[PDB]
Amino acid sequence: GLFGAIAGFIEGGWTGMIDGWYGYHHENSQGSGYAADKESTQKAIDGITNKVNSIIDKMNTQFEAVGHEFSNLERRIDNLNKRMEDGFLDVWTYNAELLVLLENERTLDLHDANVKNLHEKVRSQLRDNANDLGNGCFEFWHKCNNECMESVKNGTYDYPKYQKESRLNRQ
């Protein structure tokens, strides 16, 4: 099912992020910029590459019709051959066309889940040191330099280090 992230609480995508499917946009005193999430993008590519190859690999056989001919007294086996060939044609057409519909849904949902998990991975880290705007963005209750931003992407954000400073910003 939909995971609510893509075209959801994150309303749109970024044409500014060109080095990955999923990622971050940061802002601080040292500037701003886009940066793709290195972990999840590669893993998604590996999975989808595997899915496409696996699908191709399972479709890697062929029903081969022949051009054999039949006399006017072989109408039955002629038609028998035709209904067989048309029969397998309709089966494989069914298989291919339906597989595309179902799996395209899965592929798009897979990205959706990847975006949600990435957002949750961040939200889990920052806790109350940051303000969840609900749209995929987090405003920090402390100064977060490039290295601080970098730690969030790394998934090694130091919560109790900035804990005092964040809480000590109650107006």
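Numbering starts at 1 and follows the sequence shown.
Legend entry - Selected stretch [higher average CA B-factor]: 23 to 31 or 117 to 125: The stretch with the larger average C-alpha B-factor is 23 to 31.
Inset, instruction - Would you tell me which stretch averages the higher CA B-factor in the PDB entry, 161 to 169 or 3 to 11? - result: On average, C-alpha B-factors are higher across 161 to 169.
Legend entry - Residue, from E64, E69, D57, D112, that the PDB entry assigns the highest Cα B-factor: The record points to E64.
Inset, instruction - Select lowest, middle or highest to describe the third in which the CA B-factor of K38 falls within its chain in this entry. - result: Top third by C-alpha B-factor.
Legend entry - Chain third (lowest, middle, highest) by recorded CA B-factor, residue given as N50: Lowest third, going by the recorded CA B-factors of the chain.
Inset, instruction - Name the third of the chain's ranked CA B-factors that contains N146, choosing lowest, middle or highest. - result: It falls in the middle third of the chain.
Inset, instruction - State the tercile, meaning the lowest, middle or highest third, of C137 with respect to the CA B-factors recorded for its chain. - result: Highest third, going by the recorded CA B-factors of the chain.
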